[PDB]
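Student: Sending over upload-v2.cif (mmCIF, C-alpha atoms).
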data_coords
#
loop_
_atom_site.group_PDB
_atom_site.id
_atom_site.type_symbol
_atom_site.label_atom_id
_atom_site.label_comp_id
_atom_site.auth_asym_id
_atom_site.auth_seq_id
_atom_site.Cartn_x
_atom_site.Cartn_y
_atom_site.Cartn_z
ATOM 1 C CA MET A 1 104.658 90.135 6.091
ATOM 2 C CA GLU A 2 105.943 91.699 2.843
ATOM 3 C CA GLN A 3 108.210 90.137 0.207
ATOM 4 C CA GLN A 4 109.890 90.709 -3.167
ATOM 5 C CA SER A 5 111.977 88.437 -5.416
ATOM 6 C CA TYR A 6 114.593 89.834 -7.822
ATOM 7 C CA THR A 7 117.208 89.126 -10.489
ATOM 8 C CA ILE A 8 120.273 91.374 -10.423
ATOM 9 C CA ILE A 9 123.607 91.424 -12.330
ATOM 10 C CA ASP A 10 126.101 92.635 -9.748
ATOM 11 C CA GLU A 11 128.778 90.011 -10.398
ATOM 12 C CA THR A 12 130.607 91.870 -7.599
ATOM 13 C CA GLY A 13 127.626 91.759 -5.267
ATOM 14 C CA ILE A 14 126.511 94.066 -2.465
ATOM 15 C CA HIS A 15 129.611 96.286 -2.502
ATOM 16 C CA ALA A 16 130.203 99.409 -0.348
ATOM 17 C CA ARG A 17 127.244 101.229 -1.966
ATOM 18 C CA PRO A 18 124.377 98.661 -1.590
ATOM 19 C CA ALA A 19 125.817 97.360 1.708
ATOM 20 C CA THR A 20 125.942 100.688 3.586
ATOM 21 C CA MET A 21 122.548 101.407 2.002
ATOM 22 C CA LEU A 22 120.848 98.290 3.409
ATOM 23 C CA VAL A 23 122.454 99.020 6.787
ATOM 24 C CA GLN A 24 120.716 102.398 7.197
ATOM 25 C CA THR A 25 117.652 101.512 5.104
ATOM 26 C CA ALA A 26 116.923 98.214 6.892
ATOM 27 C CA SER A 27 118.053 99.591 10.283
ATOM 28 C CA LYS A 28 115.697 102.551 9.710
ATOM 29 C CA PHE A 29 112.620 100.340 9.456
ATOM 30 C CA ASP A 30 114.147 98.045 12.053
ATOM 31 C CA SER A 31 112.174 95.093 10.684
ATOM 32 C CA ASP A 32 114.013 91.891 9.867
ATOM 33 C CA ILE A 33 114.108 91.315 6.145
ATOM 34 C CA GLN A 34 114.908 87.730 5.192
ATOM 35 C CA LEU A 35 116.658 87.841 1.864
ATOM 36 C CA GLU A 36 116.768 84.446 0.203
ATOM 37 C CA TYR A 37 118.714 83.074 -2.753
ATOM 38 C CA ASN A 38 117.878 80.650 -5.602
ATOM 39 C CA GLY A 39 119.258 78.033 -3.189
ATOM 40 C CA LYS A 40 119.411 79.568 0.299
ATOM 41 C CA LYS A 41 117.516 81.598 2.913
ATOM 42 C CA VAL A 42 118.882 84.183 5.362
ATOM 43 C CA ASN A 43 118.677 87.844 6.356
ATOM 44 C CA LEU A 44 120.225 90.297 3.844
ATOM 45 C CA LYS A 45 122.719 91.330 6.568
ATOM 46 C CA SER A 46 125.273 92.213 3.829
ATOM 47 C CA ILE A 47 128.072 91.681 6.346
ATOM 48 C CA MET A 48 127.982 87.962 5.482
ATOM 49 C CA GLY A 49 124.400 86.758 4.907
ATOM 50 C CA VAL A 50 124.334 88.114 1.344
ATOM 51 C CA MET A 51 127.978 87.066 0.865
ATOM 52 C CA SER A 52 127.187 83.427 1.722
ATOM 53 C CA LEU A 53 124.221 83.277 -0.688
ATOM 54 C CA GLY A 54 126.389 85.054 -3.288
ATOM 55 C CA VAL A 55 124.652 87.955 -5.041
ATOM 56 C CA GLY A 56 126.545 87.732 -8.339
ATOM 57 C CA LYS A 57 125.258 88.421 -11.839
ATOM 58 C CA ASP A 58 121.867 86.836 -12.530
ATOM 59 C CA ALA A 59 121.537 86.316 -8.751
ATOM 60 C CA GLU A 60 117.951 85.365 -7.912
ATOM 61 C CA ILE A 61 116.619 86.362 -4.494
ATOM 62 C CA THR A 62 113.485 86.566 -2.348
ATOM 63 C CA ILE A 63 113.234 89.242 0.378
ATOM 64 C CA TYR A 64 110.718 89.339 3.271
ATOM 65 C CA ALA A 65 110.297 92.139 5.827
ATOM 66 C CA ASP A 66 108.628 91.163 9.107
ATOM 67 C CA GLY A 67 108.728 93.714 11.925
ATOM 68 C CA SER A 68 106.956 97.095 11.715
ATOM 69 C CA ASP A 69 107.818 99.122 8.571
ATOM 70 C CA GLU A 70 107.925 95.893 6.562
ATOM 71 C CA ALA A 71 106.087 97.473 3.606
ATOM 72 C CA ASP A 72 107.919 100.815 3.336
ATOM 73 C CA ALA A 73 111.064 98.698 3.570
ATOM 74 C CA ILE A 74 110.295 96.799 0.363
ATOM 75 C CA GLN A 75 110.218 100.062 -1.639
ATOM 76 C CA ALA A 76 113.392 101.732 -0.304
ATOM 77 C CA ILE A 77 114.995 98.274 -0.007
ATOM 78 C CA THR A 78 114.516 97.803 -3.761
ATOM 79 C CA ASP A 79 116.310 101.053 -4.578
ATOM 80 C CA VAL A 80 119.152 99.644 -2.478
ATOM 81 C CA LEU A 81 119.321 96.142 -4.007
ATOM 82 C CA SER A 82 118.412 97.790 -7.323
ATOM 83 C CA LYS A 83 121.744 99.669 -7.142
ATOM 84 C CA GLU A 84 123.437 96.289 -7.660
ATOM 85 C CA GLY A 85 122.035 96.199 -11.196
ATOM 86 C CA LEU A 86 123.776 99.521 -11.922
ATOM 87 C CA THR A 87 127.099 97.626 -12.232
ATOM 88 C CA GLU A 88 127.491 94.997 -14.998
#
Go ahead and express the file in the form of structure tokens.

Tutor:
Amino acid sequence: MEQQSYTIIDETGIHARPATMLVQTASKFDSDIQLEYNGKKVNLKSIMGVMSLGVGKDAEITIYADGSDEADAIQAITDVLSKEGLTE
């Protein structure tokens, strides 16, 4: 039942670094985190979910973990999505 909205600048998006990160990070907790967009709502699956919503520069999102380690997820999940801001 946790959640966290953001505003990144990765005009490239969830590349090989943030993608592989969310895979292990999210898969670790196992809880389903629904990562939304300024005009969309899906799971931050990276494989396509994030691609569809487009996580470019200034990309606004809203994540929600609902499973078991839904809180711990938010923290480590940030570091992951936070990596996107380390680009442009």

Student: Give me, as a Markdown table, each residue of range 42-62 of chain A that comes within 12 Å of range 75-87 of chain A, together with its shortest interatomic pair and the distance in Å at one decimal, counting all atoms listed in the file, with rows ordered by chain and rising residue number.

Tutor:
| residue | atom | partner | partner_atom | distance |
| --- | --- | --- | --- | --- |
| A:44 | CA | A:81 | CA | 9.8 |
| A:46 | CA | A:81 | CA | 10.6 |
| A:50 | CA | A:81 | CA | 10.9 |
| A:55 | CA | A:84 | CA | 8.8 |
| A:56 | CA | A:84 | CA | 9.1 |
| A:57 | CA | A:85 | CA | 8.4 |
| A:58 | CA | A:85 | CA | 9.5 |
| A:59 | CA | A:85 | CA | 10.2 |
| A:60 | CA | A:81 | CA | 11.5 |
| A:61 | CA | A:81 | CA | 10.2 |
| A:62 | CA | A:81 | CA | 11.3 |

Student: Keeping only C-alpha atoms, write the selected residues as an mmCIF file, keeping the file's coordinate frame.

Tutor:
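Okay, this is what ended up in out-v1.cif:
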data_model
loop_
_atom_site.group_PDB
_atom_site.id
_atom_site.type_symbol
_atom_site.label_atom_id
_atom_site.label_comp_id
_atom_site.auth_asym_id
_atom_site.auth_seq_id
_atom_site.Cartn_x
_atom_site.Cartn_y
_atom_site.Cartn_z
ATOM 1 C CA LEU A 44 120.225 90.297 3.844
ATOM 2 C CA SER A 46 125.273 92.213 3.829
ATOM 3 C CA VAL A 50 124.334 88.114 1.344
ATOM 4 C CA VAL A 55 124.652 87.955 -5.041
ATOM 5 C CA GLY A 56 126.545 87.732 -8.339
ATOM 6 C CA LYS A 57 125.258 88.421 -11.839
ATOM 7 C CA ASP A 58 121.867 86.836 -12.530
ATOM 8 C CA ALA A 59 121.537 86.316 -8.751
ATOM 9 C CA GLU A 60 117.951 85.365 -7.912
ATOM 10 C CA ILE A 61 116.619 86.362 -4.494
ATOM 11 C CA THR A 62 113.485 86.566 -2.348
#

Student: So, with all atoms listed in the file as the atoms that count, which of A:52, A:12, A:27, A:7 lies closest to residue 70 in chain A?

Tutor: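 The answer is A:27, which sits nearest to residue 70 in chain A.
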
Student: What's the separation between CA of residue 65 in chain A and CA of residue 34 in chain A, in Å to one decimal place?

Tutor: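 Those two atoms sit 6.4 Å apart.
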
Student: Which neighbours of residue 30 in chain A fall inside 12 Å, counting all atoms listed in the file, when residues of the same chain fewer than 3 positions from it are skipped, and could you give them as a list in words?

Tutor: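 In the requested form, the answer reads residues 22, 23, 24, 25, 26, 27, 33, 65, 66, 67, 68, 69, 70, 71, 72 and 73 of chain A.
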
Student: Let me make sure I understand: among A:74, A:47, A:37, A:29, which one has the smallest atom-to-atom distance to residue 8 in chain A if we use only C-alpha atoms?

Tutor: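 Nearest candidate to residue 8 in chain A out of A:74, A:47, A:37, A:29: A:37.
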
Student: Please determine, counting all atoms listed in the file, which residue among A:41, A:31, A:48, A:64 has the shortest atom-to-atom distance to residue 2 in chain A.

Tutor: A:64

Student: One number please: CA of residue 88 in chain A to CA of residue 42 in chain A, in Å, one decimal.

Tutor: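 Separation of CA of residue 88 in chain A and CA of residue 42 in chain A: 24.6 Å.
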
Student: For each of A:63, A:53, A:14, A:1, take the minimum atom-to-atom distance to residue 38 in chain A, counting only C-alpha atoms, then give the residue where this is smallest.

Tutor: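 For residue 38 in chain A, the nearest of the given residues is A:53.
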
Student: Can you tell me how far CA of residue 32 in chain A sits from CA of residue 11 in chain A, in Å to one decimal?

Tutor: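 Taking CA of residue 32 in chain A and CA of residue 11 in chain A, their separation equals 25.1 Å.
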
Student: When you count only C-alpha atoms, which of these residues is closest to residue 20 in chain A: A:35, A:4, A:45, A:54?

Tutor: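 Of the candidates, the smallest distance to residue 20 in chain A is held by A:45.
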
Student: Write out as JSON an axis-aligned box for range 41-50 of chain A: all of its atoms listed in the file, 8 Å added on each side, centre and edge lengths in Å with one decimal.

Tutor:
{"center_x": 122.8, "center_y": 86.9, "center_z": 4.0, "size_x": 26.6, "size_y": 26.6, "size_z": 21.2}
